[PDB]
Amino acid sequence: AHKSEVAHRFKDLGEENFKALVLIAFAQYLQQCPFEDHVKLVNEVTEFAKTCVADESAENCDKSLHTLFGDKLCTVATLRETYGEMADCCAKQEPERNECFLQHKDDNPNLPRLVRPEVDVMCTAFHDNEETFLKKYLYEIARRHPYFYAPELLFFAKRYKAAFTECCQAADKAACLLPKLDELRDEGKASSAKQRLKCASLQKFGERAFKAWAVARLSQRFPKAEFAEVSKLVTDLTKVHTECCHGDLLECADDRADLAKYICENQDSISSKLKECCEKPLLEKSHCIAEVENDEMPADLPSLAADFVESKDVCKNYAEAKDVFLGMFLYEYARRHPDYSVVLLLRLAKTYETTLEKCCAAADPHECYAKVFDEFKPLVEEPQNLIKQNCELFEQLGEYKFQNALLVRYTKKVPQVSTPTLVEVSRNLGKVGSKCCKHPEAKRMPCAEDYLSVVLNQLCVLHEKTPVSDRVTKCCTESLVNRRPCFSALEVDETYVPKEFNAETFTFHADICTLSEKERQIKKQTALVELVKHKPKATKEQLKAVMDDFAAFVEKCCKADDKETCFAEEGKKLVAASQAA
Ligand SMILES: [Cl-]
Ligand SMILES: [Cl-]
Ligand SMILES: [Cl-]
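Residues numbered from 1 in each chain as written, not as in the entry; some residues may be left out. Chains lettered and ligands numbered in written order. Heavy atoms only, no water. Residues with missing side-chain atoms left out of burial classes, pairs and counts.

Naming follows the PDB entry, where the chain appears as Serum albumin of Homo sapiens. Its official PDB title, as written in the record, is "Crystal structure analysis of Human Serum Albumin in complex with chloride anions at cryogenic temperature". The record held by UniProt for the chain lists under Subunit (literature references left out) the comment "Interacts with FCGRT; this interaction regulates ALB homeostasis. Interacts with TASOR (By similarity). In plasma, occurs in a covalently-linked complex with chromophore-bound alpha-1-microglobulin with molar ratio 1:2 and 1:1; this interaction does not prevent fatty acid binding to ALB." Quoted verbatim from the Subcellular location heading of the UniProt record, the comment on the chain is "Secreted". (UniProt positions renumbered as here; feature names shortened; annotations may be inferred.)

For the rest of this paragraph, the subject is the UniProt feature "binding site: Zn(2+)" in the chain. Under the UniProt annotation, the feature "binding site: Zn(2+)" is placed at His66, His246 and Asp248. Despite a sequence span of 183 residues, these residues sit close together in the fold, their greatest C-alpha distance being 10.4 Å. By the element assignment, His246 lies in the loop between helix 13 (227-245) and helix 14 (249-265). Of the residues examined, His246 reaches a relative accessible area of 35% and is grouped as partly exposed. Excluding residues that lie within four positions of it along the chain, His246 makes contacts with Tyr29, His66, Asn98 and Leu102. Take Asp248: it is sitting in the loop between helix 13 and helix 14. (Helix = DSSP H or I, 4+ residues; strand = E, 2+ residues; numbered from the N terminus. Buried < 20%, exposed > 50% of the residue type's maximum accessible area, 1.4 Å probe, protein only. Contact = heavy atoms within 4.5 Å.)

Turning our attention to the state of the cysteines. Tallying each qualifying case throughout the model produces 17 disulfides. Note on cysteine connectivity: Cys52 is disulfide-linked to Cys61, with sulfurs 2.0 Å apart. On the S-S bond that ties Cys52 to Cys61, the torsion sits near -80°, and the link is left-handed. Comparing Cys52 with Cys61 shows no difference in burial state: the two are buried. No disulfide involves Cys33; its sulfur sits 11 Å from that of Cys90, the nearest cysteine. (Disulfide = S-S within 2.5 Å.)

So, on to the domain arrangement of the chain. Each domain of the chain was delimited in the assignment, giving domain 1 (1-106), domain 2 (107-196), domain 3 (204-295), domain 4 (296-381), domain 5 (382-493) and domain 6 (494-571). Look at where the C-alpha atoms of domain 5 and domain 6 centre, and you get two points 23 Å apart. If you look at the interface, domain 5 gives 18 residues, while domain 6 gives 18 residues. Carbon and sulfur atoms supply 58% of the area that domain 5 and domain 6 bury against each other, a total of about 1700 Å² over both sides. Among the residues of domain 5 in contact with domain 6, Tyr400, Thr419 and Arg427 are the three that bury the most area, contributing 32% of the side total. Between domain 5 and domain 6 we count 0 salt bridges in total. Along the contact surface separating domain 5 from domain 6 lie 9 residue pairs in polar contact. The set of elements that each furnish at least two residues to the side of domain 5 that touches domain 6 consists of helix 22 (399-413) and helix 23 (419-436). With 8 residues, helix 22 is the single largest residue contributor to the side of domain 5 that touches domain 6. (Domains from an automatic or database assignment. Buried area = accessible area lost by both parts, 1.4 Å probe. Salt bridge = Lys/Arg side-chain N within 4 Å of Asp/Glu carboxyl O. Polar contact = N/O pair within 3.5 Å; in protein donor to acceptor, adjacent residues only side chain to side chain.)

This part covers the pattern of salt bridges. What the rule picks out here adds up to 39 salt bridges. Across the pair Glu44 and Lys72 runs a salt bridge, and its minimum N-O distance is 2.9 Å. Highlighted residues: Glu44 in helix 3 (residues 35-54) and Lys72 in helix 4 (residues 65-77), separated in sequence by 28 residues. Judged by relative accessible area, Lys72 falls into the partly exposed class, the value being 22%. A salt bridge links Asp295 to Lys224; the nearest nitrogen and oxygen atoms lie 3.5 Å apart. Pair noted here: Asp295 is in the loop between helix 15 (282-291) and helix 16 (304-310) and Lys224 is in the loop between helix 12 (207-221) and helix 13, with a separation of 71 residues, a long-range link. Beyond isolated ion pairs, a larger network of salt bridges with shared partners links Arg116, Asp182, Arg185 and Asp186.

In the numbering used here, UniProt assigns the "binding site: (4Z,15Z)-bilirubin IXalpha" feature to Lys239. Within the secondary structure, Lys239 sits in helix 13. Owing to a relative accessible area of 47%, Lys239 belongs among the partly exposed residues under this scheme.

Structure representation (C-alpha cells):
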C-alpha cells in the first residue's frame, strides 16, 4: 500500500520480471486470447508503469492494479463475439470484475496440444527474436495453467532460456536440448498441480485451512524453529499464496522475494539445511527453500502428553486462545512427525480439537480426554496400509499397468466422470508409485499421500467445471483433509446403468501410428475407460486381457502394408470378440 502501486511494484520487481508477471496475469485471466494481443496489452501497461515511476502523481497512477489491469484486459475481453461470457466481467466495476475473472479461469481450456517444432527451427527462432521466443513460452504455459504459481513460472522461464542458450551451441543440439525441455515440461506440470491445491484450499476452504496446512508442513520442515517463528513464516507464506491465487501477481512475487530474504537472514532460528538455498540467485533461492529437505528434529523432545493431555489446564488454555492452542498442538505434533503426511497431521489435529470441544463441556474433562491419543492410532494406520498395498501392486505391475489398474479402479468408483478426466487423473495417480515407492516406509506416506492430495484436487476441479458424479462432488466438498480417505472408501457404483456399446468408440484410425508413445497409450487407456463404462461387471482378469488384445493389434496394424484396411478389417475382429468375451 503506496501512493502509486504500479510504480512501487515496478521498482521492487524491476522491468523484466514486471513485464513477465503482467503477461502471466493477462494470459491467466484471458486464456483464449491470441499471443500478440496480450503482448500489446503488456506494453501499454509497462509504458504506463514507467510514467508513474517518473511522476507517481501523474494521472491514474494512484489506481489499483486490478483497476488498471482489468480495464486493459477489457479492451479485448469486452468482445462477446469471440470471448463469450468473459464480456460479462467487463460490464462490472472492481472488485466484482476481479471476482468474475477468477471465477472464469478454465482448468481445462479448449486448447491445441503444442506441435513442438524441430530443434534447428526452435534454435533459429530463439536466435531470431530471443525476447519474443521466451515471452511465448510464458504465454503458452500461463494460458494452459491459469493457477501456475507466477514467481515460480519466472524460474522455469529462466531455466528454459538457459537450456536454449546452452543447447543451441552444442555439436548435438537435440541430444542436449530435448532432455532439458522434457524435464522442464514435467516439473511445470507437477508445479502447477501442486499450486492448484494451494489455490483450491484458499478459495474453497478459506484462510484457516491454508494456515493449518502451512503450520504442519513448515513445522515438519523447520522443527528447530520456535512456534512464534513458524507462525510468522506461516502468516507471510499465507499472504504470498492468497495474493497469487487472487490474481495479485506483482504483490505475490514481491512478498515472496521478501519472505526468502527474511528466511535467509534468520537461518540460525529456522533450519540448518538452508545454506545452499540462500546463496542462489533471487528466483532459484525461493524455489530451493520451498522444497528444501526437512531439518533434523531437536534431540530429546518431551512428550506431547504432558502439555496436551495430562495438564489440568488444557481446557483453560483451549478456552482462552483456541486457535493459538491448537496451532501449538499441531506444531508440536508435526515437528515430531516428519514421517506423517500433512493431511494425516491435520486429521489428527481435527480429532484433537473435537475431543476438547466435547470434553471441556463434560463433567470431568481431564478424564474425558485422557485417551485422545489412542483415537489417532486407526487414523495413522489406514494411510500406511493403503500405501504399503498399492506399492506392492506398483512393484508388481510397472507404472503403465499400475495406471491401468487405478483407471479401472477409479472408473468403477465414479463412472459418470468424463473419460478425458478419468484418464488424466488415473495416469497421475499411477505416477505416485514411481515417485514414492522407491522410498523407505517412513518417507513414503508424506510423499505418497501429499501427492494424492494434489491429484485428487485435479479431479475435483476438472469435475466441478461440469458436475456429473454426486460422489465426486460430495468428496470434494466435504472436507479437504478427508478427501483421500473419502475417495479411497468409494466402493463400485451399482446405480450406474452401463453405457450402450458403441462402434466408433472402439475403432482406431491410421494416424495413431504417428503419435508419440505417450499419446498412443492415452488412446488405449481412453478405450479401457470406455470398456469399463460399457461392461462394469468385467473382471480384473477379463479386462487386463482386452487391454492386451488392443495393444498387440495396434502394433500389428501399425507394422503393416495396408495400415488402413487392417485397422478397419482386423480391428472389427477385436471388437465383437471382446464384446462377447
Ligand atoms: Cl510455497
Ligand atoms: Cl503425462
Ligand atoms: Cl485409492
